[PDB]
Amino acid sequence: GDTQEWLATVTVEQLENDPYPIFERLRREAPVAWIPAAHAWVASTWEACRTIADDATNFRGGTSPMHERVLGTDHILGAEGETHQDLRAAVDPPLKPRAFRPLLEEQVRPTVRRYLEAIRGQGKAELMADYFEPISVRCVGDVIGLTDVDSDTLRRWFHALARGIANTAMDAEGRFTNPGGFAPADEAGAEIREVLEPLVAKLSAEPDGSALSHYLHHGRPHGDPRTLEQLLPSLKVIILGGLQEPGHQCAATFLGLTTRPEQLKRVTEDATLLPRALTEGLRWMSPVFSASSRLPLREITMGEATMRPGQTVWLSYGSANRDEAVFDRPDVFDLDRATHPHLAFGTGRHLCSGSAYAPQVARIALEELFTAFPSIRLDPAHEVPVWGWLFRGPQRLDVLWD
């Protein structure tokens, strides 16, 4: 009763601006809990998240009214069975190491160095807009068919879609209380479709082996390519998270390192520590903090939570990765933390398709930054605003160097 009374007082604003004390209490008191402000359940412990994520018998891939509005109905996150296998066939192969490894030095590092040289000329930087986001959107956009879309547009798109997903304030009846918050996503969606539809039409009839051609034709009979609507919601999943998350991994890892000066110094002197740092960054401030989700396939009870079909169950992998039962002092960033899996890429059949590629983009981005500016530090003139409980990360990351 005490926990339910407290949850009735939690606002979306509190979740966005100060989630850690909320999830700390949930992990202790209610591993799965209904959040009235969001009209949805959230799972907060490692075991609640892992079990719900993996259990393909009692839960299906998640969705929500924001997913449907922003992405479309039949997106890969929500898909199961042959439909999910088919969408994974479309998106997965270009993201495997056998496919992307040559691009790391041919494409990714040159892209990173272009942005590195731009900030070198400034003598300081706001690393989100000036470095991490352009690198992320270019390196990912260039491998998902958006080679001809400029970085400003790609950043605008992911920010708009991510804002739409986060626009989850709902009343007791499940009605949006801020429908105007979808206007950026609605416009981004129209622009995305206007770019992709002519490419899909062309490549459907005359395949060329580019990324979108594979999305249409790989694993399909000749004469039965995927259609625009079969792909578009999933392409929007990738335009949101494929473009946003790598920049957040970089920023989370950078910020975490700044909290441990001796570890930051070690990493600047030895780039081979970056994979370990990046893994700890994902655990310490998981970019997809609670935007993963499942839906129940039957009425199912976990503790006081009796979940029913159609209801969103958000999986706070970011809270799971902060669970005191699994990690010692989980609120601390520790480059040398004892080896253990994390949930920042999820688990099971819906495990992130980008889980091998994203850490390589981030590794190269940080390698170049720390090699060029080993004296880099946070700019004390500007706070580092960290925001979000669905998607979480630094909004701005002003730095100085000597």
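The numbering used is simple: start at 1 and walk along the sequence shown.
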* Identify the stretch, either 268-276 or 284-292, whose C-alpha atoms have the larger mean B-factor according to the entry. => 268-276
* Structure fact -> Taking the deposited Cα B-factors and averaging over 217-225 and over 298-306, the higher mean is found in 217-225
* Selection from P233, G318, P94, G247 [criterion: highest C-alpha temperature factor in the record] -> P94
* Between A166, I144, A251, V237, which carries the biggest CA temperature factor in the record? -> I144
* Asked: When the modelled residues of the chain are sorted by Cα temperature factor, does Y357 land in the lowest, middle or highest third?
  -> middle
* Asked: Of the three thirds of its chain by CA temperature factor, lowest, middle or highest, which one includes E368?
  -> highest
* Structure fact -> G241: C-alpha B-factor third of its chain, per the entry, is the lowest
* Asked: Should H159 be placed in the lowest, middle or highest third of its chain by the C-alpha B factor in the entry?
  -> lowest
* Structure fact -> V12: CA B-factor among chain residues, third -> middle
